[PDB]
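One structure below.
First the proteins, then the strands, lettered A, B, ... as listed; each starts at 1. Side chains included, hydrogens not; waters and symmetry mates left out as well; all remaining heavy atoms used.
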6 protein chains.
Amino acid sequence: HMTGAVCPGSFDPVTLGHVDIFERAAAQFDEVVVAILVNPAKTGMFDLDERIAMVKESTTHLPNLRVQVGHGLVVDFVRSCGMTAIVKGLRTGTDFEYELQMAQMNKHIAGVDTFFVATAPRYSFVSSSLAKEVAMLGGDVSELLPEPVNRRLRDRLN
Amino acid sequence: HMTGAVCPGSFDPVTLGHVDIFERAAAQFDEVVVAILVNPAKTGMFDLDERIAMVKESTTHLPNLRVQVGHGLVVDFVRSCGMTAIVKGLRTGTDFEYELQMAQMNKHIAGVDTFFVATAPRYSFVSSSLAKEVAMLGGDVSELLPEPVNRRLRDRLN
Amino acid sequence: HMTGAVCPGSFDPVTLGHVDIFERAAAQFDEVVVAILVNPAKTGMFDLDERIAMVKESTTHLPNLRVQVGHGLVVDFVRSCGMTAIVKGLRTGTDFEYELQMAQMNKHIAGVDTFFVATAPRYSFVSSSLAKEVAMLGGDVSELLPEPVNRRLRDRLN
Amino acid sequence: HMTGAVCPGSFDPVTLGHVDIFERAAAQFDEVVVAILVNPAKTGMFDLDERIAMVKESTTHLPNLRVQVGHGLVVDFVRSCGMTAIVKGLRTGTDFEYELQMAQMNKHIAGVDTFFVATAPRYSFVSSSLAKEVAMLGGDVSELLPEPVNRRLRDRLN
Amino acid sequence: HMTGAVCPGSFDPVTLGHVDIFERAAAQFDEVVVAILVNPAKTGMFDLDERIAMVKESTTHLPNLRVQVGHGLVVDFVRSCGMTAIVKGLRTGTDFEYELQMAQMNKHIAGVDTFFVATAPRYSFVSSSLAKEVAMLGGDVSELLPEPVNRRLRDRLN
Amino acid sequence: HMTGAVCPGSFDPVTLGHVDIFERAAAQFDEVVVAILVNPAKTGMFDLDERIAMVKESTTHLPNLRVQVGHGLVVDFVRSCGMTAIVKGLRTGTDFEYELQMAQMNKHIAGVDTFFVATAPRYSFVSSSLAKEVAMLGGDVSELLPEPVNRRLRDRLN
Ligand SMILES: CC(C)(COP(=O)(O)O)[C@@H](O)C(=O)NCCC(=O)NCCS
Ligand SMILES: CC(C)(COP(=O)(O)O)[C@@H](O)C(=O)NCCC(=O)NCCS
Ligand SMILES: CC(C)(COP(=O)(O)O)[C@@H](O)C(=O)NCCC(=O)NCCS
Ligand SMILES: CC(C)(COP(=O)(O)O)[C@@H](O)C(=O)NCCC(=O)NCCS
Ligand SMILES: CC(C)(COP(=O)(O)O)[C@@H](O)C(=O)NCCC(=O)NCCS
Ligand SMILES: CC(C)(COP(=O)(O)O)[C@@H](O)C(=O)NCCC(=O)NCCS
Ligand code: NI
Ligand code: NI
Ligand code: NI
């Protein structure tokens, strides 16, 4: 009877584009799980613990959302939660053809459905990679990231 | 804790691509409403009552799905159902940029979220318009349409 | 040393997406001409004089912008102004491949350059056609259109 | 060991973009058939006999190419020629997603393969529709159309 | 008199999407050559010998196809075969703009034509990279790869 | 009163596609600055000094253009020139969604406008990366690059 969606990603760091999508999922599904899946072949900026903390600290307003680590196939994580749905955001710059390819693959291997939702226009041009690039060069992306992330970026400059 | 999505469209006629999406919505939301909205400036093949019957007859396996007519804004229909979500299918040939434009407009005017889902590959190249075109020229699209639709299409050539 | 761009379109009616682009052109070129060209085979809502008035009334803050009518090729209009550049806006739902085709054709036939600019995100999902559709069905698009347009749109439902 | 492709379209009128593709097909297949199929619900400029003549007159340098009319499904035309392949050109402004949809539909209903080829850059921005539009407004598209077409287009303005 | 196409790629490993395209090329050209071109700057999973063996073992049903190694420009390989045509598959996730760029480049430098064909829907979401990723994480992509490839992936787990 | 645009890039090496765009910018803005911004995380082929020299040597026909190095955010460079406009070219293979994302980001952080222009068809399929790849394998891309670049590539073979 209880519905549910997983919002998977690398979240290095989580942005307000991601939070917008978490909010939509939390509004439309009984339970939401944010799954952090780190790429074993891309050294990111933030370690796993920091990524988890940034998501948790940025989602306290969503009572029906929790945050977990995923270690293998996203579909294995989804099924482990007793769920069969993934929610993914679309923004300016999304590789949509690759998202579609992954969605079809995920449906084939595990029967998991993927629902795509367009990010709010004001948060439609932030991405983790571009936010880091701009921030590291001294640009102000603070309006595009949650305050828990802004705090950690400010300390990353030190 | 009750969740819900509306699957809106003109469904002239409903295809197995549409049914695939109804199935995904019905699996992931507590209730689904198929909303038939007609373009008052379009040369529809089937009248509204035939469209309703085809959708109903093609969805008897989905116990939490109902079929209704809308006469104005899709967002007004969605809210009249006590819902705030739309589910739309993607296929080969979808005008995705227009779908994105409508999704953003619908969110702006009424706060309604739109979730997009990729149709199953076998049903990814049928559309109402192309099915009608092929059928009228004697082609066999019966594997891409529900039997309630095939029946009526066959009676149109009789 | 005098520079200039033409912003052509049907503007039926002008939107805040269009005004955003007029503003960018006016900031970057010495003179801007808004060129209203009407599709002689299109069911326009507003007559040419109403379209001109709406553009003029919506651009009083741009001192280097003027509004004129064109009756043939956009390139012939551009050259009649003593200019060789067109500025076109991009939004969610733009048929960009057609815009690219026209740009290449316009360069071929008359040497006229086309510059494309992305509309501000808040105005990225309004279009003349969708604004009219929503307004006629009772939806509120007033935040996406200039007040001179809202006034006339309200008088059309009166 | 005999190979063959059909190049279908409305060719109203044939352009140098189309001729470029005919040339590639003729270089790569033993026989090529240009198939003229008319949209019975389209306001074509040139009648079917004029379209045939323009194609024939523009392809005299291709000895393994013939021109024929089709009246129903393109796949039925292709099979009537003893062939199982279609060659379609891509240009700036092509509705590629619709082309992909038709290709998949054509393969489904008749087993016919579709091969897409990018038009030469110099001919990549002409289309029948845009050429007619520009020509009717007095623009010079003569470098983008075969001389047999230019002749007839000039006689239409006479 | 004999027609021919080259199907180039890295094939690390060959998938059923690739085989589908080989089948189309073999049906429409007198001879087909699969050319394996290894990227000297991307350590793949399978060495050149294994890639060749997987393609050969997966194409025994295509009597007019052979498999060869290419060492430099794909167009140099194509011309060395006495051919002037390349056939490339399209799938969900194809970087089509890059494929188009390469096609135009290949035509410019060597006069070689590229024909694109859409993969069968059931094989439209497999790619070499995604199949490896899923397989390495214990997912079942065996329905998307030829048995000669499945055998080698099973041994890669050991 | 003086208008201006910056044409930023990595230019490793500059191509005739880039020069085409420099020419358009120089025709439409009082002053143009080509800004070379080297990626600190991608070893290119040519060092910064060589990149600058190739651009300068290839633009002597543009009296109102100068060439400079940028060291951080492109928007910081643009504002340092007393300008607020960037001009970027589009070609076959452009990652347009990423260009749009950067344009929206650049507008957000610094109020800088980006104008996109389509490259001339004959120069629409060259890119720095593809030109290097083809040249290094002995292909002739000399018609797609300025002679100052061709000279340095010939010496790179030695
Ligand atoms: C984590 C992610 C969703 C990518 O997320 P990101 O775009 O936020 O980096 C994707 O890499 C993923 O699902 N990884 C787990 C591995 C997997 O399941 N691969 C199969 C994809 S079909
Ligand atoms: C019915 C439909 C979803 C289109 O469906 P279709 O693609 O199945 O024909 C769309 O035309 C619609 O929403 N119509 C109702 C009017 C409306 O709400 N218009 C504003 C859209 S932003
Ligand atoms: C007016 C417009 C720019 C379209 O504008 P719109 O998209 O705002 O309706 C276009 O239809 C146009 O240029 N019309 C004039 C005729 C012409 O020049 N046609 C040839 C175009 S390559
Ligand atoms: C003729 C054409 C190829 C379109 O050609 P055009 O783009 O040159 O106008 C297409 O309309 C067609 O195939 N018509 C015949 C009817 C048909 O087969 N329809 C089904 C297509 S999947
Ligand atoms: C091998 C391939 C076709 C890529 O194939 P892939 O997409 O299967 O990896 C491409 O990298 C290639 O053609 N390489 C040979 C080098 C070359 O010719 N480069 C020039 C391209 S225009
Ligand atoms: C230099 C370039 C324009 C890329 O140019 P290229 O596409 O020619 O390599 C881009 O990497 C850039 O702007 N770099 C400076 C760093 C920056 O400003 N990043 C923020 C982008 S929003
Ligand atoms: Ni519930
Ligand atoms: Ni000036
Ligand atoms: Ni033969």
Side-chain angles (χ1 to χ4, degrees), chain A residues 125 133-141 143, chain C residues 1-7 20-33 61-65 83-87 89 113 115-120, chain F residues 1-11 14 18-39 48 51-53 55-56 58-89 99-100 102-117:
Chain A
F125 56 88
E133 177 173 330
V134 172
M136 285 183 74
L137 290 167
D140 186 353
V141 288
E143 290 188 2
Chain C
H1 300 291
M2 289 293 286
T3 64
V6 175
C7 293
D20 183 51
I21 300 317
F22 300 159
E23 290 176 353
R24 318 295 190 94
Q28 304 297 350
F29 291 86
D30 291 313
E31 302 182 336
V32 174
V33 186
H61 62 297
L62 301 174
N64 61 329
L65 183 148
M83 295 180 183
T84 59
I86 288 172
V87 170
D113 292 321
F115 296 88
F116 297 103
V117 188
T119 63
Chain F
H1 300 291
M2 209 157 281
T3 64
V6 174
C7 292
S10 56
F11 308 112
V14 65
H18 297 132
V19 176
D20 183 56
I21 301 312
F22 298 159
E23 289 174 357
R24 315 304 187 91
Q28 303 296 350
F29 292 85
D30 286 325
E31 291 160 354
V32 174
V33 182
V34 179
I36 302 189
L37 294 107
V38 306
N39 194 303
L48 172 59
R51 296 184 204 192
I52 298 167
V55 174
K56 288 187 177 185
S58 301
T59 54
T60 62
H61 62 296
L62 299 175
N64 62 326
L65 180 150
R66 67 184 193 262
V67 187
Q68 288 181 233
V69 184
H71 287 296
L73 288 171
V74 66
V75 293
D76 284 347
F77 178 87
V78 175
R79 299 221 81 152
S80 84
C81 294
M83 293 176 185
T84 57
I86 286 171
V87 170
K88 301 300 289 291
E99 291 276 359
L100 287 173
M102 289 196 293
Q104 293 287 11
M105 181 65 82
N106 286 333
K107 182 68 176 180
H108 172 74
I109 66 178
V112 169
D113 296 318
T114 299
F115 295 85
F116 295 104
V117 49

Mind checking what makes side-chain contact (heavy atoms from CB on, under 4.5 Å) contact with A/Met136, not counting sequence neighbours? A/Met45

Between the side chain of F/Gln104 and the main-chain N/O of C/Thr119, is any donor-acceptor distance below 3.5 Å? yes

Enumerate the residue pairs fulfilling salt bridge (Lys or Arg N to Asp or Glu O under 4.0 Å) with a member in residues 18-29 of chain F, sequence neighbours excluded, ordered by first and then second residue. C/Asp113-F/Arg24, F/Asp20-F/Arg24

Considering non-hydrogen atoms only, spot the tightest contact between F/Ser58 and F/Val14 and give its length. OG-CG1, 4.2 Å

CD1 on F/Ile21 to CZ on F/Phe115, rounded to 0.5 Å: 14.0 Å

Here the gap from F/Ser10 atom OG to F/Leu48 atom CG, rounded to the nearest 0.5 Å, amounts to 11.5 Å

One should read off an interatomic distance between A/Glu143 CD and F/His108 NE2, to the nearest 0.5 angstrom, of 5.0 Å

Determine whether more than 12 heavy atoms belonging to other residues, nucleotides or ligands lie under 6.0 Å from atom NE2 of F/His61. yes

Check C/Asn64 against C/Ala26 and note the closest heavy-atom contact, atom names and distance. ND2-O, 3.0 Å

Which pairs of donor and acceptor atoms, one on a side chain in residues 66-78 of chain F, lie under 3.5 Å apart (sequence neighbours left out)?
unit_1: F/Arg66; atom_1: NE; unit_2: F/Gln68; atom_2: OE1; d: 2.8
unit_1: F/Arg66; atom_1: NH2; unit_2: F/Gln68; atom_2: OE1; d: 3.3

Nearest-0.5 Å distance, SG of residue C/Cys7 to CD1 of residue C/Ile86: 9.5 Å

F/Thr3: what forms a side-chain contact (heavy atoms from CB on, under 4.5 Å) with it, not counting sequence neighbours? C/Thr3, C/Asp30, F/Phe29, F/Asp30

Would a 4.5 Å heavy-atom cut-off, applied to side chains only, mark C/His1 and F/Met2 as touching? no

Using modelled atom types and a 3.5 Å cut-off, is there a donor and acceptor pairing between side-chain atoms of F/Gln28 and backbone atoms of C/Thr84? yes

What's the separation between atom CD1 in F/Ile36 and atom CD1 in F/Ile52, rounded to the nearest 0.5 Å? 5.5 Å

Excluding sequence neighbours, so at least two apart, what forms ring-ring contact (aromatic ring centres under 6.0 Å, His included) with F/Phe11? F/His18, F/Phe22

Do you know the tightest heavy-atom contact between C/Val87 and C/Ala5? CG2-CB, 3.7 Å

Not counting sequence neighbours, which residues clear side-chain hydrogen bond (donor to acceptor under 3.5 Å, both in side chains) with A/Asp140? List them please. A/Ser142

Can C/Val117 and F/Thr114 be said to form a side chain to side chain contact (heavy atoms under 4.5 Å, CB included), step by step? CA-CA 6 Å; C/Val117 188; F/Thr114 299; over 6 Å; no

Rounded to the nearest 0.5 Å, how far does CD of F/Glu99 lie from NZ of F/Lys88? 3.5 Å

Close side-chain approach of F/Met105 to A/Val134, heavy-atom, < 4.5 Å: yes

